[PDB]
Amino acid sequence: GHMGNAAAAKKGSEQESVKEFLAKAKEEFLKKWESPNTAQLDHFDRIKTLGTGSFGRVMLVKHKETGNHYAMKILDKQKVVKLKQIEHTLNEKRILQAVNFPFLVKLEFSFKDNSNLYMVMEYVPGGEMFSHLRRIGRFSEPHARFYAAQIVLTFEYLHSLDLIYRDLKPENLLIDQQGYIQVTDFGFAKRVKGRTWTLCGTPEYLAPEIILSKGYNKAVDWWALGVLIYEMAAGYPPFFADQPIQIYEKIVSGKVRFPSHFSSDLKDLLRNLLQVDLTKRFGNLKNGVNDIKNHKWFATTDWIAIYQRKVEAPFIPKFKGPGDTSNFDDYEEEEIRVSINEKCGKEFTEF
């Protein structure tokens, strides 16, 4: 067979140990999910806006008493209500409080006032993967594999908790000081033991079955991994066009083209992740995540060493000290005004 006795016994034991880890991880998650205003706004100096969404913004802050820097996500409650994202916001906070994994951002404080909701999480200083990818152009296959292996482990973890992530893309991946990935946004994540039906995600990363308005499962995350690996290694995604509707036609077509510089191992992995047919997509078969982790393209990956953050990163971002923001673009700075009247109090009672 492909493995001799020694390799086969090593692999089997490794897979069993993953099961034991994930079982303990699930037990810890549920305890924290069952039993979760831990700061206030004048506890922080606001320094600079790090990113923006329709919700509000993410700002670098310094915790006054301790001097530590954090990223503070500020959500305008009235905007959240108008955007119909009440449940997303409460769910994101609930996930972030409960999960624990080396590539998932750590929430430190959360609180609210009359106008806004605040999520204070670890500051990830190395910038968006998106910027690094567009600047470098494309990542070498070893560089892409280092990142990909972190997403595989992160999805292995989230899926064992029955969480589908649903918004993988370089824009949602930050690089920390050691060159490792941090995931921070869980606004579309959902606990899905079986199937779910919501049309959500980003057009280039949508699995066909989402586009086709089907009931779908965690395999959409493995499709999105294929898109991500492709984009990291090519510098552009497998399916693009002027308008989303044309991107969708390409996604559902079953056809994908690869740059000539893609290795054969990479193309094979990608054809199995970017598989329209759910009965054949890697990550969705009887062998589970093992089809991905044991694929030839990952043969050089020491999965435990990645988890332990003992692999030397291929790229270490510029770090000029704490509170340095040079890896982030400049955003227009608004003002965090706090109304004298409580807004949307009932809707966000549990926050």
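Numbers follow the displayed sequence, beginning with 1. If you superpose the two forms and keep the largest set of C-alpha atoms that fall within 1.5 Å, you have the rigid core.
Between 134-142 and 190-198, the larger mean CA deviation from the shown form in 8 other deposited structures of this protein, after core superposition, belongs to 190-198. The gap between residue 36 and residue 37 holds 1 to 3 unmodelled residues of the deposited sequence. Averaged over CA atoms, B-factors in the entry run higher in 179-187 than in the other of 217-225 and 179-187. Note on 51-59 vs 279-287: mean CA B-factor is higher in 51-59.
For the set 194, 259, 137, 126, the PDB entry assigns the largest Cα B-factor to 194. Taking the deposited Cα B-factors for 318, 293, 310, 26, the highest one is held by 318.
In the PDB entry, residue 268 places in the lowest third of its chain by CA B-factor.
Among the modelled residues of its chain, residue 306 has a C-alpha B-factor that falls in the lowest third, as given in the PDB entry. For residue 86, the recorded CA B-factor ranks within the highest third of the chain. Only modelled residues enter the ranking. Placement of the Cα temperature factor of residue 154 within the chain: lowest third of the modelled residues, per the deposited record. Ranked within its chain, residue 209 lands in the middle third, by CA B factor from the PDB record.
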